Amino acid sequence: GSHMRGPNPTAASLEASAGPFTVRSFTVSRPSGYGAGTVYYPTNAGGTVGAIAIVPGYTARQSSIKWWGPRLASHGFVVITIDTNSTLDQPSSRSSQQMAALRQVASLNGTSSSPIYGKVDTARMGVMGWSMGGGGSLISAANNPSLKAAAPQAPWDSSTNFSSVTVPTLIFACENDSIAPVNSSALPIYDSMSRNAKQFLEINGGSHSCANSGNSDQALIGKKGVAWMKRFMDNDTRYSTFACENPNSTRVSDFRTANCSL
């Protein structure tokens, strides 16, 4: 059961600011269980694509995570970036709101007036998000093991125990993070997971915002995020090497991976 879309990938095609597909977007008129949303979608994917829901961190809005919308959608995904009901929502609330955004993407897929009418395979979903939104993605993964992939960035939760997670999980970490330090957040979270395909990519000298909109590593972080979601959401074995490989880059201060075949 694989869903291969678009051309065979290259390091160049994955590092490029845009994938093969044309992207359009819309504002969600009446958000259902979250604050606000922008849906990014390919106009010409040539098949149905999985959906990814992306949540910001405490105080933060869609602008912090917006770069993922076009980057992922242009390789064959529907991406919803959300604002939370409150900028001060905690990780459990962020998780509920992430899953509500995936639910509304499914609703719009079934809405004849929506630009994503019949564009989504609702069987193939993924979760991403920054800091408390990264915590929220891991909670979403632990509560909903049918999710095909998770790729949180600089995750924080009040607990680091995610030992139940079976969803393929890529953690972006920021080496000099002083908000959710790697040694007390991202790494203990990574270490807790013994049941899944997983990866840990730490950005050299990165602050807490090292994977946000306006970061200086979008070629490397974009290639890894796209490759992970293509490998695991689409079961697209053309991305096994990109998804699972040590990228061998002086911008990476630490690389870890388990249960990930090349």
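Start at 1 and count along the sequence shown; that's the residue number.
> Which is higher in the entry, the mean Cα B factor of 131-139 or that of 115-123?
The entry gives the higher C-alpha B-factor average to 115-123.
> Got a sec? Mean C-alpha B-factor, which is higher, 191-199 or 55-63?
Averaging CA B-factors over each stretch, the winner is 191-199.
> In this PDB entry, which of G76, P152, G110, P91 has the top CA B-factor?
Most elevated C-alpha B-factor of the set, per the entry: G110.
> So among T87, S164, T169, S95, who wins on Cα B-factor in the entry?
Going by the entry's C-alpha B-factors, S164 comes out highest.
> Going by the entry, which third of its chain does the Cα temperature factor of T237 land in?
According to the entry, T237 has a C-alpha B-factor in the chain's highest third.
> If you rank the chain by CA B-factor, which third does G46 end up in: lowest, middle or highest?
It falls in the top third of the chain.
> When the modelled residues of the chain are sorted by Cα temperature factor, does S29 land in the lowest, middle or highest third?
For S29, whose C-alpha B-factor we compare with every modelled residue in the chain, the answer is the highest third.
> Please say which third, lowest, middle or highest, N204 falls into when its CA temperature factor is compared across its chain.
Highest third - that is where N204 ends up once the chain's C-alpha B-factors are sorted.
> Using only modelled residues of the chain, where does the Cα B factor of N144 rank: lowest third, middle third or highest third?
CA B-factor rank for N144: lowest third.
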